[PDB]
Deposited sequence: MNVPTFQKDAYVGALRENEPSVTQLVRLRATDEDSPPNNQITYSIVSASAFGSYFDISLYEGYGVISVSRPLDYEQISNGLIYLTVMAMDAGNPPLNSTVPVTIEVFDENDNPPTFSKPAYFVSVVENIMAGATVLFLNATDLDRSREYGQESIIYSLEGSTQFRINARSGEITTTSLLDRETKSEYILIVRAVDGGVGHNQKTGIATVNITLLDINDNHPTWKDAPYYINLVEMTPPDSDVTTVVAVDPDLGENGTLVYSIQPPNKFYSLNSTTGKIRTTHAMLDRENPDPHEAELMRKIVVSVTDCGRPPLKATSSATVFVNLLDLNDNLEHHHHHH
């Protein structure tokens, strides 16, 4: 009487990006009394599907490739209708479900090919250097976003979180021995073997200077020989400290402490000269004669707060 399909429901399945497919589904209804099959509904891409009568079966096919990434939930739902040659005609419908399988046809990508980040050199071991974010456009969780594994190459001093891409430190750093780093970041998807795909970006890290070094004396204590009664302004010797920090933090400021009337230095050079106070080698005064032949010098950098050398340094003078 009414065309009745042999099943309550039908099914077919294929990968995305298939050229065509000749038999997603075979259906058949039966009339005791003829039958024409039609696709009456389609959740999506109806135009791509076709039905034909082959050897008594209504046979669904698909003529274009499908894109998994343009389909919600991997499923296309069709409704097929069998209809007799009746006047009026009689019909019956049935659900068909087309599963589309995802292919790994999208690579992980980064917003930029190179990222640039600056960071103070006293960064707390394990702190957030940089959040990274790759994007994989495959829709399935197997091949798309959820599947991304971050990897990091370069210095053992850094490490990346494999799921979130958050980059972090392995240790305390030191601008005074490593100033910059170039790291390579790989994102990879859940494809297997040659179908695994990978995204890449460099991360270029610069260390900003902290005033984390004291001045220290080069070649102290100093020994000079100097003639008796030498004129005012005669060159004596040069003192030197070293601060390997940058700019202000490495800039040195020398001074004589406590004061010494027989000598003056240049605070920016450390170049000691004599004063108008004359150097009598056989001078009565004990105190005055002792600092005639010994100069104590201190040195500070221009940081904030400014650091200074642990020790002072001495110029031992020997008069002639």
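Undergrad: Return the ranges of the deposited sequence not covered by C-alpha coordinates, sorted by sequence position.
TA: Several regions go unmodelled: 1, 35-39, 327-339.
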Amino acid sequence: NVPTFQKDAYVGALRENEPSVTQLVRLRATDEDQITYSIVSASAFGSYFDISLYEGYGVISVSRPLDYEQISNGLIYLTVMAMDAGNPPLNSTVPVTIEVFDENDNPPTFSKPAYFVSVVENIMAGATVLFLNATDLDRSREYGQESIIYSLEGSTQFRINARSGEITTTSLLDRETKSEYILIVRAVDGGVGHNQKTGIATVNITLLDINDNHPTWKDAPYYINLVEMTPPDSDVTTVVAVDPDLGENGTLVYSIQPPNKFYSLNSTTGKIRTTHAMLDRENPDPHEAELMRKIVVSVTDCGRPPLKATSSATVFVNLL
From here on, numbers count along this sequence of modelled residues.
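Undergrad: Averaging C-alpha B-factors over each stretch, which comes out higher, 66-74 or 291-299?
TA: On average, C-alpha B-factors are higher across 291-299.
Undergrad: Between 163-171 and 90-98, which has the larger average Cα B-factor in the PDB entry?
TA: 163-171 has the higher mean C-alpha B-factor.
Undergrad: Looking at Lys112, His194, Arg141, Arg186, which has the highest Cα B-factor in the entry?
TA: The listed residue with the largest C-alpha B-factor is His194.
Undergrad: Per the PDB entry, which option out of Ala44, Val40, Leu279, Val59 has the greatest Cα B factor?
TA: Most elevated C-alpha B-factor of the set, per the entry: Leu279.
Undergrad: Should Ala134 be placed in the lowest, middle or highest third of its chain by the C-alpha B factor in the entry?
TA: Bottom third by C-alpha B-factor.
Undergrad: What third of the chain does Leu307 rank in for C-alpha temperature factor, lowest, middle or highest?
TA: As the PDB entry reports it, the C-alpha B-factor of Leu307 lands in the highest third of its chain.
Undergrad: For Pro108, does the deposited CA B-factor place it in the lowest, middle or highest third of the chain?
TA: Bottom third by C-alpha B-factor.
Undergrad: Would you mind checking where the Cα B-factor of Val80 ranks among the modelled residues of its chain, as the lowest, middle or highest third?
TA: Lowest third - that is where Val80 ends up once the chain's C-alpha B-factors are sorted.
Undergrad: Would you mind checking where the Cα B-factor of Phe116 ranks among the modelled residues of its chain, as the lowest, middle or highest third?
TA: It falls in the bottom third of the chain.
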